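Trainee: The structure is given below, and queries will be raised subsequently.
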Amino acid sequence: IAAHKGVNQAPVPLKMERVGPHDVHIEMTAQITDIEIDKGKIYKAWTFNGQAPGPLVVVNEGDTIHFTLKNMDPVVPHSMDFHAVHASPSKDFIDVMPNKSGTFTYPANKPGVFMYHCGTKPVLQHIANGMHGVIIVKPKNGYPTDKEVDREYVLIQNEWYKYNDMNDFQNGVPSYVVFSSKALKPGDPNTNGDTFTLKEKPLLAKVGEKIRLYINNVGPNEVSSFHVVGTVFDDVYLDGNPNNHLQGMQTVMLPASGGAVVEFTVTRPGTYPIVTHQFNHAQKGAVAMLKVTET
Amino acid sequence: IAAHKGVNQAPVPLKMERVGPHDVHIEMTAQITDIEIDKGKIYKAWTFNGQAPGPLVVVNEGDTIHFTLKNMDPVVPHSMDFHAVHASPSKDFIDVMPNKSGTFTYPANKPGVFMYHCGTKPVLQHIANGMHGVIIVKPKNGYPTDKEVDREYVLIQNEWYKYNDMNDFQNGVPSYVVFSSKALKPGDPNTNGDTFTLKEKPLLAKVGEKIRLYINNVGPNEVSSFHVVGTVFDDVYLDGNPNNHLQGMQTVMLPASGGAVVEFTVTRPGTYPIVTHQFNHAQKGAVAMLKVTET
Amino acid sequence: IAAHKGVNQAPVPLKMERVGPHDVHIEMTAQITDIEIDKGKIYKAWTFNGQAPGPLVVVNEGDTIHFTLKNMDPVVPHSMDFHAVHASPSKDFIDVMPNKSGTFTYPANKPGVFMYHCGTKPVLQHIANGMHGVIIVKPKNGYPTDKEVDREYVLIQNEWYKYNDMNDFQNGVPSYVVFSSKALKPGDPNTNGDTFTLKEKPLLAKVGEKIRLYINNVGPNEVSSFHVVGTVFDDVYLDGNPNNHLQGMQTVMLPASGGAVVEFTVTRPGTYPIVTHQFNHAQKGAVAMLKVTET
Ligand SMILES: [Cu+2]
Ligand SMILES: [Cu+2]
Ligand SMILES: [Cu+2]
Ligand SMILES: [Cu+2]
Ligand SMILES: [Cu+2]
Ligand SMILES: [Cu+2]
Ligand SMILES: [Cu+2]
Ligand SMILES: [Cu+2]
Ligand SMILES: [Cu+2]
Ligand SMILES: [Cu+2]
Ligand SMILES: [Cu+2]
Ligand SMILES: [Cu+2]
Ligand SMILES: [Cu+2]
Ligand SMILES: [Cu+2]
Ligand SMILES: [Cu+2]
Ligand SMILES: [Cu+2]
Ligand SMILES: [Cu+2]
Ligand SMILES: [Cu+2]
Ligand SMILES: [Cu+2]
Ligand SMILES: [Cu+2]
Ligand SMILES: [Cu+2]
């Protein structure tokens, strides 16, 4: 796209504020931002807020979201689809033109770990170029295992293809498959989907802790066989809904756009890889690390 | 196949009748029928009854099926495998030769949403060329959420490949991935697996309704990440068995031949896309629409 | 690998012994062994004990495993990762050099049907060349359906690619996809992952029996849509954990490394195929047979 040549829009922080007991404002941008997806490989991604996947959104069950998208792309329209919400797609997930803003309102009444993404046609193009993310909706009454959890993090799986190449997006294997982490609390890492960051700067834990991960596989195209090396999931909640409670899973199957909450214990000091167990994808980037120490 | 050149056998209605409180007769054909799978693209499909996927079959839990297959194919043998039934494959799912008929009998004692398909070797060939479908077995005591459902439809996912090309069927990506709808009540649409019909003639609903879909992914080869845009599944029953009850799923993973019953609420007027969230497949056809109006 | 040319190390029996009420010794080798994966096709596999998949391991819930790996490979390091265990990957799943041994200790406190595999980098290479298997951990209090089961077997799904070709392992479709069976009791078959053995020498059963299969899809790369032709699973336990109990499934989705316990009834004499319902994979080898007789 001629109007994207040389464009590299600096990342913009997510803006969010509560405006009622059951009402939240969220303000995001659509923007064109260079991301290093593999060492030496820059992808001029289509993004929310200059991150790919986009920034984490966390709301409460029963919150109405008043969402504003500011489109900074000079030529391409963009939009937003939150899987958390009940909405009319043809009224509420509509395009925002270049240099314009749009505001849409809709409720999040289901707890869980949901994908969000651009909904502009062709949706494959927009998701593959980087316009994906996660929204977490916290359950009103928690999970039954809350009291057991010592530490939690967010992980997101996505793929990267040949740059802006619809033939590859439709017909080709992924070039890279990658994890990212998004911050839930101050000090947590906040990273983009790349092959290396979470190997060089592992997630941190302490020996004997129960860890919870909020996970989502945003695709665009692949399923994920999510596994943490050296442990067994004690508890799994499919899509993060507390009702969908599995126990003792070695590996969690996630569809494209599929989420879960998973919990496991790290018993011994060391580095624990986190993978999709489709090992072709792992080899192409999808290995993160959890370093577990005595302190 | 030289004996299929110029062959286009008109579709034949499914014949079905109850012959006892727990016994049903079903009569199908195997036939060679031109189907428009994408605009301008005709596939000379191998079919049941001149539909691909085939006609919908609905029976009750505990029904014995007395199934007759009339083979209208001039040269290829065909057969039938219902996933609903307990049967001896080597006695009851056997070939029927060109211009012959065969009758087989077997019980359907498990409720759910089952694939059927030709079972003739090579089974890949027969399924890929179009010989697939769904049988629904209604549970004796219903689903616990029956009283909530306002409207229901059947959707089927399948792929199309290069015509009758076993190398592509085994080694290639699908050319098209498509939804079809099969009628449960008078007035419901009844369509073939194509890229366009359910976009141009969307399924219909009213604002505020709870919708149930009976879904099956017949493949041959792909899994499906089934999602309805703008809603969350309130209830999911894996394979349509009432025991396998999930809640609040954004996306349902279906294996190849996998089924479910899914229920969701449409809250607002508009058009709601239905997709597999493996967006390469969506781009290649697998997007249906649900138009939701005040009336 | 020049140092593997002409190497064909005879298979070595698994060594296992109980050494306490909650403690077991297991001794395996890593070795280079020619396996016929398809008729006329020899793969010089990287293996545990000269089998691919490796030998079956069965322990009890709460057993500590004292595992020894003797590396017979002349040049490549190997290691072992059991998905059953809680362990530090960077201390306990480490490499054993050529012509050396290493012993590692760790608990199996979760019941189920777990993958094991080499964990040496690149793990894709080691798994794809044949270093995979299953460990079963028997639940302390059984499964609720134990009293119903008449007969049981172990089945494993894996893929084979072009020989030792990392580009194919990462980017290509599988050449073959195959089932194997591993013995649980004297007289049971014990086979390698190949396209033919379980078609020519089917698993055996009697009419009216309830069969249990312990299944795992070791990959490396594919998911599996596991189905037995002519029946419906009465009961499924995901990953073999008794809590994760489904009923009446036609087909079980398994992630890569995913396991299950499945139970079904064979009602009539005949041969019942067992497949992954991703029929491209079935066509490439993944069809086993269960011959069901009056005796
Ligand atoms: Cu309130
Ligand atoms: Cu507001
Ligand atoms: Cu966009
Ligand atoms: Cu979506
Ligand atoms: Cu792929
Ligand atoms: Cu703790
Ligand atoms: Cu664990
Ligand atoms: Cu009766
Ligand atoms: Cu009859
Ligand atoms: Cu046929
Ligand atoms: Cu089948
Ligand atoms: Cu494909
Ligand atoms: Cu209603
Ligand atoms: Cu909904
Ligand atoms: Cu004891
Ligand atoms: Cu010992
Ligand atoms: Cu190895
Ligand atoms: Cu593993
Ligand atoms: Cu493949
Ligand atoms: Cu019995
Ligand atoms: Cu059955």
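Each chain of the structure tokens is named A, B, ... in the order shown, its residues numbered from 1; ligands are numbered from 1 in display order.
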Near residue C:191, within 10 Å and counting only C-alpha atoms, which residues show up once chain neighbours fewer than 6 positions away are dropped, as a list in words?
Mentor: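 Contacts, in chain order: residues 51, 52, 53, 54, 55, 155, 156, 179, 180, 181, 182, 183, 197 and 198 of chain C.
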Trainee: Up to 8 Å from chain C, what residues of chain A turn up? Count only C-alpha atoms and give them as a PDB file with N, CA, C and O atoms, in the first residue's frame.
Mentor:
```pdb
ATOM      1  N   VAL A 173       1.342 -22.053   4.611  1.00  0.00           N
ATOM      2  CA  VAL A 173       1.629 -22.336   6.013  1.00  0.00           C
ATOM      3  C   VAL A 173       2.103 -21.066   6.701  1.00  0.00           C
ATOM      4  O   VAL A 173       2.690 -20.178   6.031  1.00  0.00           O
ATOM      5  N   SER A 224      -4.521 -24.623  18.390  1.00  0.00           N
ATOM      6  CA  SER A 224      -3.384 -24.690  19.245  1.00  0.00           C
ATOM      7  C   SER A 224      -3.528 -25.834  20.232  1.00  0.00           C
ATOM      8  O   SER A 224      -4.626 -26.091  20.705  1.00  0.00           O
ATOM      9  N   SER A 225      -2.411 -26.515  20.503  1.00  0.00           N
ATOM     10  CA  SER A 225      -2.348 -27.645  21.430  1.00  0.00           C
ATOM     11  C   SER A 225      -1.535 -27.194  22.630  1.00  0.00           C
ATOM     12  O   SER A 225      -0.345 -27.439  22.756  1.00  0.00           O
ATOM     13  N   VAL A 229       5.479 -27.526  29.689  1.00  0.00           N
ATOM     14  CA  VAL A 229       6.438 -28.613  29.942  1.00  0.00           C
ATOM     15  C   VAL A 229       6.776 -28.753  31.416  1.00  0.00           C
ATOM     16  O   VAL A 229       6.953 -27.753  32.097  1.00  0.00           O
ATOM     17  N   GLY A 230       6.728 -29.957  31.944  1.00  0.00           N
ATOM     18  CA  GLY A 230       7.111 -30.244  33.334  1.00  0.00           C
ATOM     19  C   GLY A 230       5.980 -30.177  34.348  1.00  0.00           C
ATOM     20  O   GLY A 230       6.216 -30.251  35.555  1.00  0.00           O
ATOM     21  N   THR A 231       4.767 -29.921  33.886  1.00  0.00           N
ATOM     22  CA  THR A 231       3.580 -29.899  34.738  1.00  0.00           C
ATOM     23  C   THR A 231       2.357 -30.469  34.024  1.00  0.00           C
ATOM     24  O   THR A 231       2.486 -30.814  32.851  1.00  0.00           O
ATOM     25  N   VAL A 232       1.249 -30.535  34.725  1.00  0.00           N
ATOM     26  CA  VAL A 232      -0.061 -30.983  34.283  1.00  0.00           C
ATOM     27  C   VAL A 232      -1.045 -29.900  34.707  1.00  0.00           C
ATOM     28  O   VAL A 232      -0.823 -29.313  35.724  1.00  0.00           O
ATOM     29  N   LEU A 246     -12.462 -28.658  33.500  1.00  0.00           N
ATOM     30  CA  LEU A 246     -11.728 -29.846  33.296  1.00  0.00           C
ATOM     31  C   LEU A 246     -10.664 -29.948  34.370  1.00  0.00           C
ATOM     32  O   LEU A 246     -10.168 -28.938  34.826  1.00  0.00           O
ATOM     33  N   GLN A 247     -10.143 -31.116  34.554  1.00  0.00           N
ATOM     34  CA  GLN A 247      -9.086 -31.358  35.549  1.00  0.00           C
ATOM     35  C   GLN A 247      -8.025 -32.290  35.003  1.00  0.00           C
ATOM     36  O   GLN A 247      -8.290 -33.220  34.247  1.00  0.00           O
ATOM     37  N   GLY A 248      -6.739 -32.001  35.353  1.00  0.00           N
ATOM     38  CA  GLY A 248      -5.695 -32.927  35.026  1.00  0.00           C
ATOM     39  C   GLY A 248      -5.391 -33.137  33.595  1.00  0.00           C
ATOM     40  O   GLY A 248      -5.096 -34.230  33.126  1.00  0.00           O
ATOM     41  N   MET A 249      -5.442 -32.058  32.824  1.00  0.00           N
ATOM     42  CA  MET A 249      -5.185 -32.100  31.335  1.00  0.00           C
ATOM     43  C   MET A 249      -3.772 -31.860  31.118  1.00  0.00           C
ATOM     44  O   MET A 249      -3.148 -30.961  31.696  1.00  0.00           O
ATOM     45  N   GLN A 250      -3.154 -32.699  30.246  1.00  0.00           N
ATOM     46  CA  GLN A 250      -1.793 -32.405  29.838  1.00  0.00           C
ATOM     47  C   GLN A 250      -1.694 -31.241  28.832  1.00  0.00           C
ATOM     48  O   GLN A 250      -0.726 -30.474  28.883  1.00  0.00           O
ATOM     49  N   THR A 251      -2.659 -31.166  27.946  1.00  0.00           N
ATOM     50  CA  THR A 251      -2.670 -30.297  26.795  1.00  0.00           C
ATOM     51  C   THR A 251      -4.089 -29.828  26.584  1.00  0.00           C
ATOM     52  O   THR A 251      -5.026 -30.635  26.642  1.00  0.00           O
ATOM     53  N   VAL A 252      -4.279 -28.549  26.279  1.00  0.00           N
ATOM     54  CA  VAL A 252      -5.603 -27.955  26.018  1.00  0.00           C
ATOM     55  C   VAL A 252      -5.732 -27.611  24.525  1.00  0.00           C
ATOM     56  O   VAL A 252      -5.005 -26.750  24.055  1.00  0.00           O
ATOM     57  N   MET A 253      -6.713 -28.217  23.876  1.00  0.00           N
ATOM     58  CA  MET A 253      -7.029 -27.885  22.505  1.00  0.00           C
ATOM     59  C   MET A 253      -7.723 -26.556  22.431  1.00  0.00           C
ATOM     60  O   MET A 253      -8.824 -26.446  22.962  1.00  0.00           O
ATOM     61  N   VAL A 266       4.171 -25.389  39.690  1.00  0.00           N
ATOM     62  CA  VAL A 266       5.582 -25.572  39.354  1.00  0.00           C
ATOM     63  C   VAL A 266       6.266 -26.051  40.660  1.00  0.00           C
ATOM     64  O   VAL A 266       6.388 -25.298  41.591  1.00  0.00           O
ATOM     65  N   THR A 267       6.773 -27.276  40.648  1.00  0.00           N
ATOM     66  CA  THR A 267       7.223 -27.906  41.843  1.00  0.00           C
ATOM     67  C   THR A 267       8.664 -27.750  42.194  1.00  0.00           C
ATOM     68  O   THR A 267       9.071 -28.008  43.334  1.00  0.00           O
ATOM     69  N   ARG A 268       9.487 -27.423  41.234  1.00  0.00           N
ATOM     70  CA  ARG A 268      10.946 -27.431  41.276  1.00  0.00           C
ATOM     71  C   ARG A 268      11.544 -26.238  40.586  1.00  0.00           C
ATOM     72  O   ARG A 268      10.988 -25.697  39.603  1.00  0.00           O
ATOM     73  N   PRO A 269      12.668 -25.734  41.057  1.00  0.00           N
ATOM     74  CA  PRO A 269      13.281 -24.647  40.342  1.00  0.00           C
ATOM     75  C   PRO A 269      13.739 -25.032  38.926  1.00  0.00           C
ATOM     76  O   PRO A 269      14.185 -26.179  38.724  1.00  0.00           O
ATOM     77  N   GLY A 270      13.748 -24.084  37.977  1.00  0.00           N
ATOM     78  CA  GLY A 270      14.186 -24.334  36.670  1.00  0.00           C
ATOM     79  C   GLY A 270      13.425 -23.488  35.648  1.00  0.00           C
ATOM     80  O   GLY A 270      12.578 -22.626  36.060  1.00  0.00           O
ATOM     81  N   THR A 271      13.679 -23.713  34.386  1.00  0.00           N
ATOM     82  CA  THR A 271      12.972 -23.033  33.292  1.00  0.00           C
ATOM     83  C   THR A 271      12.040 -24.040  32.672  1.00  0.00           C
ATOM     84  O   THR A 271      12.448 -25.199  32.311  1.00  0.00           O
ATOM     85  N   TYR A 272      10.774 -23.637  32.577  1.00  0.00           N
ATOM     86  CA  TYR A 272       9.684 -24.433  32.073  1.00  0.00           C
ATOM     87  C   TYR A 272       9.229 -23.846  30.725  1.00  0.00           C
ATOM     88  O   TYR A 272       8.634 -22.778  30.672  1.00  0.00           O
ATOM     89  N   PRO A 273       9.426 -24.588  29.653  1.00  0.00           N
ATOM     90  CA  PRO A 273       8.912 -24.064  28.369  1.00  0.00           C
ATOM     91  C   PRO A 273       7.379 -24.186  28.325  1.00  0.00           C
ATOM     92  O   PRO A 273       6.753 -25.090  28.916  1.00  0.00           O
ATOM     93  N   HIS A 277       1.938 -27.719  21.215  1.00  0.00           N
ATOM     94  CA  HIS A 277       2.498 -29.046  20.985  1.00  0.00           C
ATOM     95  C   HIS A 277       2.383 -29.517  19.581  1.00  0.00           C
ATOM     96  O   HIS A 277       2.856 -30.602  19.221  1.00  0.00           O
ATOM     97  N   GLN A 278       1.761 -28.692  18.684  1.00  0.00           N
ATOM     98  CA  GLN A 278       1.964 -28.839  17.208  1.00  0.00           C
ATOM     99  C   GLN A 278       3.340 -28.320  16.934  1.00  0.00           C
ATOM    100  O   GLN A 278       3.588 -27.112  16.876  1.00  0.00           O
ATOM    101  N   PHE A 279       4.299 -29.264  16.831  1.00  0.00           N
ATOM    102  CA  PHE A 279       5.672 -28.873  17.021  1.00  0.00           C
ATOM    103  C   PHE A 279       6.203 -28.160  15.826  1.00  0.00           C
ATOM    104  O   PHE A 279       7.273 -27.459  15.937  1.00  0.00           O
ATOM    105  N   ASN A 280       5.514 -28.222  14.688  1.00  0.00           N
ATOM    106  CA  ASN A 280       5.938 -27.382  13.569  1.00  0.00           C
ATOM    107  C   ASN A 280       5.812 -25.896  13.935  1.00  0.00           C
ATOM    108  O   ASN A 280       6.690 -25.070  13.632  1.00  0.00           O
ATOM    109  N   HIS A 281       4.717 -25.594  14.586  1.00  0.00           N
ATOM    110  CA  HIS A 281       4.440 -24.223  15.086  1.00  0.00           C
ATOM    111  C   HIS A 281       5.391 -23.824  16.166  1.00  0.00           C
ATOM    112  O   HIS A 281       5.922 -22.700  16.159  1.00  0.00           O
ATOM    113  N   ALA A 282       5.720 -24.739  17.103  1.00  0.00           N
ATOM    114  CA  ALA A 282       6.724 -24.465  18.121  1.00  0.00           C
ATOM    115  C   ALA A 282       8.049 -24.143  17.507  1.00  0.00           C
ATOM    116  O   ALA A 282       8.725 -23.183  17.927  1.00  0.00           O
ATOM    117  N   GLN A 283       8.448 -24.937  16.489  1.00  0.00           N
ATOM    118  CA  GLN A 283       9.714 -24.674  15.850  1.00  0.00           C
ATOM    119  C   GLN A 283       9.763 -23.351  15.185  1.00  0.00           C
ATOM    120  O   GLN A 283      10.862 -22.722  15.071  1.00  0.00           O
ATOM    121  N   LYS A 284       8.637 -22.849  14.649  1.00  0.00           N
ATOM    122  CA  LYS A 284       8.481 -21.576  13.986  1.00  0.00           C
ATOM    123  C   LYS A 284       8.213 -20.458  14.962  1.00  0.00           C
ATOM    124  O   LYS A 284       7.873 -19.343  14.497  1.00  0.00           O
TER     125      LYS A 284
END
```
Trainee: Which residues form the shell of 12 Å around ligand 8 when you count only C-alpha atoms and all ligand atoms, given as a ChimeraX atom specification?
Mentor: /B:20-23,60-64,140
Trainee: I need the residues from that last selection saved to file as a PDB file, in the first residue's frame (with N, CA and C atoms), if you can.
Mentor:
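Output file part14.pdb follows:
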```
ATOM      1  N   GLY B  20     -43.316 -48.074  12.574  1.00  0.00           N
ATOM      2  CA  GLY B  20     -43.590 -48.608  13.901  1.00  0.00           C
ATOM      3  C   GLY B  20     -43.259 -47.544  14.921  1.00  0.00           C
ATOM      4  N   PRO B  21     -43.554 -47.742  16.197  1.00  0.00           N
ATOM      5  CA  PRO B  21     -43.260 -46.787  17.187  1.00  0.00           C
ATOM      6  C   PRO B  21     -41.740 -46.556  17.318  1.00  0.00           C
ATOM      7  N   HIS B  22     -40.923 -47.536  16.933  1.00  0.00           N
ATOM      8  CA  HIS B  22     -39.518 -47.469  17.028  1.00  0.00           C
ATOM      9  C   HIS B  22     -38.856 -47.925  15.766  1.00  0.00           C
ATOM     10  N   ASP B  23     -39.496 -47.715  14.615  1.00  0.00           N
ATOM     11  CA  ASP B  23     -38.969 -48.212  13.338  1.00  0.00           C
ATOM     12  C   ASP B  23     -39.318 -47.270  12.214  1.00  0.00           C
ATOM     13  N   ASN B  60     -35.929 -40.394  15.956  1.00  0.00           N
ATOM     14  CA  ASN B  60     -35.938 -40.418  17.404  1.00  0.00           C
ATOM     15  C   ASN B  60     -34.956 -41.383  18.029  1.00  0.00           C
ATOM     16  N   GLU B  61     -34.389 -41.023  19.182  1.00  0.00           N
ATOM     17  CA  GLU B  61     -33.594 -41.952  20.005  1.00  0.00           C
ATOM     18  C   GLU B  61     -34.359 -43.272  20.140  1.00  0.00           C
ATOM     19  N   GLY B  62     -33.705 -44.374  19.826  1.00  0.00           N
ATOM     20  CA  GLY B  62     -34.295 -45.686  19.928  1.00  0.00           C
ATOM     21  C   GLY B  62     -34.963 -46.166  18.681  1.00  0.00           C
ATOM     22  N   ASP B  63     -34.960 -45.376  17.608  1.00  0.00           N
ATOM     23  CA  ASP B  63     -35.452 -45.845  16.328  1.00  0.00           C
ATOM     24  C   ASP B  63     -34.495 -46.801  15.646  1.00  0.00           C
ATOM     25  N   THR B  64     -34.992 -47.864  15.086  1.00  0.00           N
ATOM     26  CA  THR B  64     -34.294 -48.712  14.141  1.00  0.00           C
ATOM     27  C   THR B  64     -34.579 -48.192  12.770  1.00  0.00           C
ATOM     28  N   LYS B 140     -34.795 -38.627  23.744  1.00  0.00           N
ATOM     29  CA  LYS B 140     -36.034 -39.049  24.389  1.00  0.00           C
ATOM     30  C   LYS B 140     -36.552 -38.008  25.375  1.00  0.00           C
TER      31      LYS B 140
END
```
Trainee: Distance atom CA of residue C:9-atom CA of residue C:71, one decimal place?
Mentor: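 Interatomic distance, atom CA of residue C:9 to atom CA of residue C:71: 11.7 Å.
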Trainee: Could you report the residues within 10 Å of ligand 17, using only C-alpha atoms and all ligand atoms, as number ranges by chain?
Mentor: C: 30-31, 46-48, 71, 73, 76-80, 95-96, 117-132
Trainee: Would you save the residues of that selection, restricted to C-alpha atoms, as a PDB file, in the first residue's frame?
Mentor:
```pdb
ATOM      1  CA  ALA C  30      17.771 -44.129  22.810  1.00  0.00           C
ATOM      2  CA  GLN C  31      18.741 -46.011  19.639  1.00  0.00           C
ATOM      3  CA  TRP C  46      15.393 -42.317  16.230  1.00  0.00           C
ATOM      4  CA  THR C  47      13.708 -44.350  18.900  1.00  0.00           C
ATOM      5  CA  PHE C  48      13.298 -45.409  22.456  1.00  0.00           C
ATOM      6  CA  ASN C  71      21.966 -43.285  24.903  1.00  0.00           C
ATOM      7  CA  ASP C  73      23.134 -43.128  19.497  1.00  0.00           C
ATOM      8  CA  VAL C  76      23.247 -37.338  18.844  1.00  0.00           C
ATOM      9  CA  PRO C  77      22.275 -36.433  22.419  1.00  0.00           C
ATOM     10  CA  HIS C  78      18.779 -37.511  23.578  1.00  0.00           C
ATOM     11  CA  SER C  79      16.531 -36.949  26.593  1.00  0.00           C
ATOM     12  CA  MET C  80      13.152 -37.795  28.019  1.00  0.00           C
ATOM     13  CA  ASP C  95      20.407 -34.394  27.556  1.00  0.00           C
ATOM     14  CA  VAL C  96      22.296 -37.669  27.840  1.00  0.00           C
ATOM     15  CA  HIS C 117       9.029 -37.900  24.033  1.00  0.00           C
ATOM     16  CA  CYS C 118      12.602 -36.802  23.592  1.00  0.00           C
ATOM     17  CA  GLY C 119      13.126 -33.204  24.678  1.00  0.00           C
ATOM     18  CA  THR C 120      16.367 -32.420  22.907  1.00  0.00           C
ATOM     19  CA  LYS C 121      16.568 -29.326  20.770  1.00  0.00           C
ATOM     20  CA  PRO C 122      15.178 -29.113  18.088  1.00  0.00           C
ATOM     21  CA  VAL C 123      12.364 -31.032  19.649  1.00  0.00           C
ATOM     22  CA  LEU C 124      10.452 -31.191  16.396  1.00  0.00           C
ATOM     23  CA  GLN C 125      13.321 -33.155  14.884  1.00  0.00           C
ATOM     24  CA  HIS C 126      13.531 -35.637  17.678  1.00  0.00           C
ATOM     25  CA  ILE C 127       9.772 -36.260  17.860  1.00  0.00           C
ATOM     26  CA  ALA C 128       9.385 -36.439  14.071  1.00  0.00           C
ATOM     27  CA  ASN C 129      12.243 -38.945  13.687  1.00  0.00           C
ATOM     28  CA  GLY C 130      10.358 -41.312  16.093  1.00  0.00           C
ATOM     29  CA  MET C 131      11.070 -40.431  19.756  1.00  0.00           C
ATOM     30  CA  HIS C 132       7.546 -40.474  21.129  1.00  0.00           C
TER      31      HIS C 132
END
```
Trainee: If you run DSSP on the backbone, which residues of stretch 66-112 of chain C are strand (DSSP E or B), as a list in words?
Mentor: residues 66, 67, 68, 69, 70, 71, 78, 81, 82, 96, 101, 102, 103, 104, 105, 106, 107, 108 and 112 of chain C
Trainee: Just C-alpha atoms for this one: save the residues we selected as a compact mmCIF listing (two decimals), in the first residue's frame.
Mentor:
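Contents of result28.txt, freshly written:
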```
# COMPACT_ATOMS: atom_id res chain seq x y z
CA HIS C 66 13.30 -43.36 38.71
CA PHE C 67 14.08 -43.18 35.09
CA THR C 68 17.30 -44.11 33.38
CA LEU C 69 18.07 -43.32 29.72
CA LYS C 70 20.99 -45.17 28.12
CA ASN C 71 21.97 -43.28 24.90
CA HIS C 78 18.78 -37.51 23.58
CA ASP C 81 10.07 -35.71 28.83
CA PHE C 82 7.12 -37.60 30.37
CA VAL C 96 22.30 -37.67 27.84
CA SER C 101 23.46 -42.83 30.81
CA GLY C 102 21.42 -40.45 32.97
CA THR C 103 18.94 -41.03 35.81
CA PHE C 104 16.15 -38.66 36.75
CA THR C 105 13.43 -38.91 39.34
CA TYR C 106 9.93 -37.43 39.43
CA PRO C 107 6.38 -38.11 40.53
CA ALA C 108 3.36 -39.16 38.48
CA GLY C 112 -4.38 -40.44 32.55
```
Trainee: Skipping near chain neighbours, those fewer than 5 positions away, what residues fall within 6 Å of residue C:195 using only C-alpha atoms, listed as a list in words?
Mentor: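 Selected residues are residues 38, 178 and 285 of chain C.
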